[PDB]
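Following: one structure in structure tokens, then a few remarks.
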RNA sequence: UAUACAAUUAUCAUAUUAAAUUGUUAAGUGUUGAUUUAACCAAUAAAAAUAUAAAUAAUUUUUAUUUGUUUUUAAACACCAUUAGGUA
RNA sequence: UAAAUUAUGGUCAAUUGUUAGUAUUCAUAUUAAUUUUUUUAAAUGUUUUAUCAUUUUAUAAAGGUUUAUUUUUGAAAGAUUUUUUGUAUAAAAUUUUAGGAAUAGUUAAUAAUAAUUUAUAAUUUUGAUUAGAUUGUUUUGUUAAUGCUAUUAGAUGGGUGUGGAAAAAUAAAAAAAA
Ligand SMILES: [Mg+2]
Ligand SMILES: [Mg+2]
Ligand SMILES: [Mg+2]
Ligand SMILES: [Mg+2]
Ligand SMILES: [Mg+2]
Ligand SMILES: [Mg+2]
Ligand SMILES: [Mg+2]
Ligand SMILES: [Mg+2]
Ligand SMILES: [Mg+2]
Ligand SMILES: [Mg+2]
Ligand SMILES: [Mg+2]
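What follows is the structure, encoded as structure tokens:
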């Protein structure tokens with residue numbers, strides 16, 4: 013009586029059920045708008061997906077833009093942690109320490125034998141790619157999820173110097189994965205989605221934490237604005253958490 | 050049109066932004082003091098006319134004789150070369166420039182702008198008189214005549230004067246615009262136009278002329 | 069006491085003046101009908117800063133020294149000595165460029181003369197009109213793309229902004245000259261044009277002009293009617309700046325376009341490339357979305373922890389589906405706009421709706 | 010007659026009257042412009 | 142100057158310049174210079190309705206030389222096809238073919254000028270020849 | 078025959094429209110003002126009329142004063158049959174205006190006309 | 010002109026046709042064609058401070 | 141101005157008649173205008189237009205029960221508060237207060 | 040041009056039927072004829088327009104209705120940023136190419 | 001009852017590219033009385049002078065702004081009433 | 001910025017009032033109509049069937065609607081031993097009154113939610129909603145002609161919801177299972 017007789021959002025045909033079934037044999041009931049609920053609402057993001065053989069092996073090193081000291085980002089993420097922990101303190105193991113915040117430009121697997129040839133060669137190619145690029149001012153607002161809501165990150169908006177990043181990345185992508193064959197978890201002809209990972213659930217953690225980060229935590233910060241940052245520093249990092257208190261850094265390039 | 054302020058009529062042959070002369074807000078005319086030389090006071094002044102009569106002279110080309138050296142030594146000043154000619158020249162009109170409407174029209178009254186008539190006061194030439202010679206001596210100006218090299222004005226003038234416009238509008242009889250023509254009812258004018266090479270005809274241009282000449286000559290009405 | 073009353077004795081040409089009497093001095097409107105009682109503190113600051121004097125920025129001396137280091141070298145040898153050759157001519161390309169002394173007399177030309185003369189050509193001796201022209205020339209110079217630029221949008225916008233302020237404070241003093249009311253309104257209109265062309269040429273300069281001279285009041289869309297029809301945004305179509313953006317420096321174009329063969333929108337290809345374009349949200353949209361995101365968690369918790377309440381509500385819904393107006397979906401029932409497609413029922417048979425149109429169509 | 014219809018000074022060239030009629034409703038019906046949404050003639 | 146007024150076209154006042162300059166028996170007219178205007182002039186000069194014409198590559202205007210015979214002009218009437226720019230008349234080949242026919246006798250007496258899709262300014266006679274339709278400009282005779 | 082059919086090949090009339098975004102007060106909904114054409118055969122001339130549409134932008138990109146491409150689609154809500162297909166011209170000034178916390182566009186000074194005289198002073 | 014439409018005079022017909030004329034149609038410049046005068050001087054005494062959120 | 145300049149069409153002469161009106165016609169219409177105006181004066185007409193009300197519809201105050209001239213005809217129905225205020229307006233319009241601007245007075249205004 | 044050509048009841052004055060096939064496919068109407076509510080008043084709209092006038096397919100070069108200046112083409116040129124005028128060099132409304140069209144091979 | 005305005009010039013009420021706005025000057029007492037008016041009546045009589053240049057042309061002011069009604073007579077003329085006053 | 005010819009081609013545009021100084025489509029004309037005349041309609045009982053039942057037989061009652069009316073094959077056609085499919089309900093244009101103001105079970109998001117979910121909502125002066133008149137987008141008359149001037153009729157809510165589809169309560173002129 014307060015709206016349409018048949019609300020338009022409720023008109024749904026399921027074509028993944030056989031024809032004739034719903035007319036005679038039985039009726040099928042489901043809450044159908046959990047599935048139809050879109051990629052903007054859920055906060056999912058489609059990352060470059062790995063081929064199965066690459067999907068098998070752990071990633072070892074990654075490219076990163078290092079966040080400078082005195083960031084808008086780091087500050088606001090600290091504020092966000094405060095708020096989240098005051099709401100639910102079950103988040104505490106999920107959250108990444110503000111010390112480890114960095115922009116992830118791509119991920120890669122390096123085998124341990126060819127290690128030095130690869131790090132030297134990579135470092136060199138990287139330095140050539142970024143030779144001409146001056147520092148990058150990028151904008152961060154919004155949250156998103158990788159790997160079925162297990163990884164919770166801060167989006168990099170394509171409103172700014174981001175454009176340049178995309179060419180820049182796509183060049184190293186075509187060198188590191190194209191030229192010297194290296195395992196980039198995706199195709200070298202495809203571009204990686206840059207992100208700042210905030211909360212994460214590792215395999216070991218998953219038992220006590222659960223299989224997905226409940227959206228009730230970060231729902232309100234989903235579109236929150238973390239601000240602008242200029243970035244001069246590119247790293248190639250191996251992931252060791254006890255060597256310096258920051259991800260162990262195998263290579264570096266200065267944008268100037 | 051019997052309405053006052055509509056008397057100036059419909060003239061299209063003016064240069065203004067309306068074909069209706071009486072909506073034009075630029076030049077308000079003066080019916081009492083105007084039209085000695087132009088006939089009616091409605092019509093455009095001698096120097097602003099965009100349409101020309103058969104036996105009347107058209108506008109003088111402004112100079113701003135040295136360049137006639139090739140011509141008849143006796144030939145004097147060509148009638149159409151003038152030192153001072155202004156297509157934009159404000160003619161004094163009382164209702165515009167001297168406007169008595171807001172007054173009782175007593176002898177001194179009415180508002181006057183002096184920007185129209187050139188000042189006949191001695192104040193100007195006294196106040197500006199300098200030991201440095203004038204603009205012409207100093208040659209401050211760039212450019213020159215706006216059309217560049219002009220046979221009458223800047224450069225010298227060779228050949229013949231066309232005082233009627235007869236050669237100036239003719240139709241090229243050729244794809245190359247080498248040969249041009251002017252046809253009256255019973256007469257035909259074929260004019261060779263190659264001023265650059267001194268009227269020296271090429272093989273193509275000559276073989277063309279022998280066509281235009283006999284097609285003009287074997288015409289019915291010539 | 070309560071509404072004004074016009075009294076009209078119909079044999080008379082016009083009514084008698086109203087009883088509350090109105091304000092004795094008529095309000096001064098801007099072009100759009102908005103009221104200004106006085107200059108805003110910013111504009112006031114602009115005129116107070118024009119009045120006592122202007123100055124040439126040492127910016128010009130600097131670029132003069134870097135561009136033509138020889139001439140500046142000469143003037144640097146000759147300071148205080150009378151000069152017979154004007155080496156400084158490159159510093160002042162135009163007549164208008166020299167405002168620091170009257171009659172466009174450059175500073176270093178006064179070197180060899182009397183100090184009395186120096187005081188007689190000073191700023192303090194300018195007329196008010198001259199002072200306006202001074203402020204205008206200074207600002208025109210700071211926003212100009214080259215020396216002789218006039219007609220370009222930034223310049224135009226600035227000079228019209230200044231003219232507008234002048235006329236405004238003028239009208240503040242002597243109330244009725246409606247000639248200048250009209251000239252102020254026309255100037256304001258041409259300013260509106262100039263600014264709206266600016267924001268599509270270069271927007272930061274547009275911003276800083278609005279912030280310097282405090283004209284945001286003439287950028288406000290006049291009335292809701294013509295705005296709702298999108299004729300406010302239709303202006304920069306007519307100006308030819310609508311496509312002028314040159315995206316690639318801003319807004320990576322990959323997620324602004326839809327797929328022709330696929331049919332998927334721009335939000336879809338943005339989804340697929342893992343990009344997010346989203347306008348910054350106010351608190352409305354944020355708290356709506358953050359309220360909606362959580363529906364299923366709230367629901368799961370409800371039907372786990374409290375099954376009886378749920379089953380009650382469900383009883384009501386399920387049984388409702390059998391009661392009510394229409395039990396099945398047909399063209400009649402499934403008409404998205406019921407009152408619209410059947411208007412012929414609205415007075416007599418169908419009493420639910422009192423009007424045939426609740427939306428655009 | 011200030012209150013009444015405007016009259017032409019002379020006639021109108023009939024040929025021009027026929028030239029300005031090219032896009033008129035009849036020619037359009039012949040071109041097929043209007044959609045046929047109803048039964049029309051029987 | 143206002144809304145109700147017609148929207149003038151270089152063709153409109155080209156025709157009226159020529160008409161008025163013909164009524165005052167002038168030898169030369171200075172007239173607006175656009176593509177279809179000097180097109181119209183070349184066509185009129187073809188048919189001999191005009192003594193001559195020239196474009197000086199002056200931007201605004203060019204000049205036409207009028208022809209008189211037996212004391213009155215060679216032009217009875219000259220009229221533009223449209224009063225506005227907001228109205229555009231299209232001439233079917235059959236229409237332009239009707240003009241040519243006076244109750245069974247072939248009549249080229251009156252000339253009609255028109256644009257083509259090919260940007261040519263043509264009389265109706267060549268148009269009918271190649272069976273192309275065109276947009277109307279003016280009639281003259 | 079107008080601009081819209083000039084640029085597009087439409088499967089069905091009105092399947093494509095180009096317009097400006099006027100207002101976003103509704104989540105995932107952009108209102109769009111669009112022009113179309115009417116012909117008067119008596120006077121042989123065209124007029125442009127204008128019409129508003131509700132378009133569905135998932136993900137909320139459209140800022141008031143965007144030039145957008147719009148398409149016909151599935152019935153979405155009571156009044157939305159159109160979705161935003163592409164942003165032709167975004168509003169850069171408006172977006173930066175939002176980023177600073179201000180409204181995209183200043184709110185119109187006067188509303189709809191009235192037949193009364195409102196005396197409201199100070 | 011059929012005499013039953015609009016007023017009893019003829020010119021009433023052409024006065025309502027001017028309402029449909031193509032070049033006379035309502036737009037962003039020409040507005041309120043049918044009642045201009047009911048809306049005249051309506052906001053004179055309505056004092057509205059203009060909208061500035063930028064300095 | 142509110143009231144009508146003319147009554148009926150006062151400029152009817154042939155086209156290009158080089159005056160707005162002829163003497164004859166203008167005299168006829170001057171007669172009709174005269175009669176109407178005289179009617180307004182003697183019947184003591186009063187109109188009002190109030191703020192925040194539809195303006196085209198003017199309350200006729202000369203027909204109000206207090207200010208009504210006739211002893212017979214039923215006058216009009218206007219709100220009690222509003223009508224009190226109208227009566228006060230009409231009353232305090234009458235006489236010149238010093239410092240106020242002098243406004244034309246008549247017998248028929250009362 | 041006469042009254043007899045006003046009567047479209049002749050088949051010689053009327054765009055033929057088959058056009059509606061050529062647009063929507065052959066034998067497409069046999070579907071529509073069996074529809075529930077038909078011909079009271081309305082039938083599924085029958086599109087017959089001479090194929091050289093089709094708005095869908097054709098453009099400014101082969102169709103005279105597109106090259107009408109003052110409403111379609113004026114807007115288009117304002118948008119694309121070409122210089123334009125009433126009587127222009129190009130068939131449609133435009134004196135010259137825009138900057139983009141001059142600097143880019145398409 | 002149906003059955004073809006003008007568009008080159010048309011006088012009553014739907015304006016629109018415009019340079020204005022602001023100026024502290026003058027005038028007044030000797031003496032015994034028919035001035036003004038076609039004619040009446042009241043009853044000191046003298047007076048208020050200065051500004052050009054400059055403002056750029058067009059494209060979204062039509063709910064905005066605008067077309068000889070105006071504080072102060074303890075200052076007159078003038079006008080209206082008639083010696084009482086009104087207005088200026 | 002040059003003419004053109006291998007010559008009438010690509011199939012018909014053609015206006016008829018005897019007025020009364022002059023200005024302005026206005027009495028008396030022709031064509032088309034109503035005035036005007038029983039040579040085209042028609043009467044009731046639909047029909048099978050397995051028996052108190054069940055199969056076949058789907059748009060002429062009225063009301064007055066101008067952002068308005070939109071849809072499938074599961075019936076029949078229909079072919080064949082049994083299962084078989086997908087496409088549909090949505091829109092865009094065109095919309096009347098001489099003197100013109102506000103409208104409302106109400107928008108959008110959520111969802112098989114909410115007689116109190118969330119929100120800075122929706123329609124309107126580019127003319128709304130009520131209210132008058134009116135049966136909407138191949139049909140006529142006049143005319144040399146852009147015009148002017150006609151076109152009927154037929155879809156009027158729900159309440160054990162049958163049926164493929166509500167079109168389901170006299171009023172055919174549709175052969176309805178030998
Ligand atoms: Mg609807
Ligand atoms: Mg009703
Ligand atoms: Mg009087
Ligand atoms: Mg007809
Ligand atoms: Mg008027
Ligand atoms: Mg006074
Ligand atoms: Mg029925
Ligand atoms: Mg109704
Ligand atoms: Mg519709
Ligand atoms: Mg619909
Ligand atoms: Mg019932």
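Chains as they are written, first to last, in the authors' numbering: chain DQ, 13 to 268; chain Cv, 50 to 113, 134 to 291; chain CO, 69 to 429; chain DD, 10 to 51; chain CH, 142 to 282; chain CQ, 78 to 199; chain Da, 10 to 64; chain Cn, 141 to 250; chain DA, 40 to 145.
By construction, the Cβ of each residue, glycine as well, lies at the ideal position given by its N, Cα and C atoms.
| Asked | Found |
| --- | --- |
| Less than 7 Å between CB atoms is the rule here; does residue 124 of chain CQ satisfy it with respect to chain CO? | no |
| Check whether the segment 214-222 of chain Cn and the segment 83-100 of chain CO are in contact - that is, three or more C-beta pairs closer than 8 Å. | no |
| If you draw a straight line from the alpha carbon of residue 12 of chain DD to that of residue 290 of chain Cv, how long is it in whole angstroms? | 57 Å |
| Excluding sequence positions up to five away, which residues of its chain have a Cβ less than 7 Å from the Cβ of residue 199 of chain CQ? | none |
| Let me make sure I understand the geometry here. Which of DQ:242, DQ:141 and DQ:202 has the alpha-carbon closest to that of residue 114 of chain DQ? | DQ:242 |
| Quick check on this structure: which residue in Cn:223, Cn:148, Cn:180 and Cn:170 has the alpha carbon closest to the alpha carbon of residue 206 of chain Cn? | Cn:223 |
| For residue 20 of chain DD, which residues in the same chain have their Cβ closer than 7 Å to its Cβ, ignoring the five residues on either side in sequence? | none |
| Under three-state DSSP, which class holds residue 196 of chain CO? | helix |
| Starting from the beta carbon of residue 82 of chain CQ, find every residue of chain DA whose beta carbon is closer than 9 Å, and list them in chain order. | 94, 95, 105 and 111 |
| Bridge partners of residue 281 of chain CH, per DSSP? | CH:219 and CH:252 |
| Can you tell me where the beta strand (DSSP E) holding residue 97 of chain CQ begins and where it ends? | 93-98 |
| Mapping the DSSP letters down to three states, classify residue 125 of chain CQ as helix, strand or coil. | strand |
| Please return the same chain residues whose Cβ sits closer than 7 Å to the Cβ of residue 192 of chain DQ, not counting the five positions on each side in sequence. | 133 |
| So what does residue 11 of chain DD bridge to, in DSSP terms? | Per DSSP, none; premise fails for residue 11 of chain DD. |
| Tell me the rounded alpha-carbon separation between residue 168 of chain Cv and residue 165 of chain CO. | 39 Å |
| In whole angstroms, what is the alpha-carbon distance linking residue 92 of chain Cv and residue 175 of chain CH? | 27 Å |
| Please state whether DSSP places residue 189 of chain DQ in a helix, a strand or coil. | helix |
| Can you check whether the C-beta of residue 192 of chain Cn is within less than 7 Å of a C-beta belonging to chain Cv? | no |
| Can you find a C-beta in chain DD that's less than 7 Å from the C-beta of residue 88 of chain CQ? | no |
| Starting from the beta carbon of residue 12 of chain DD, find every residue of chain Cn whose beta carbon is closer than 9 Å, and list them in chain order. | 149, 151 and 152 |
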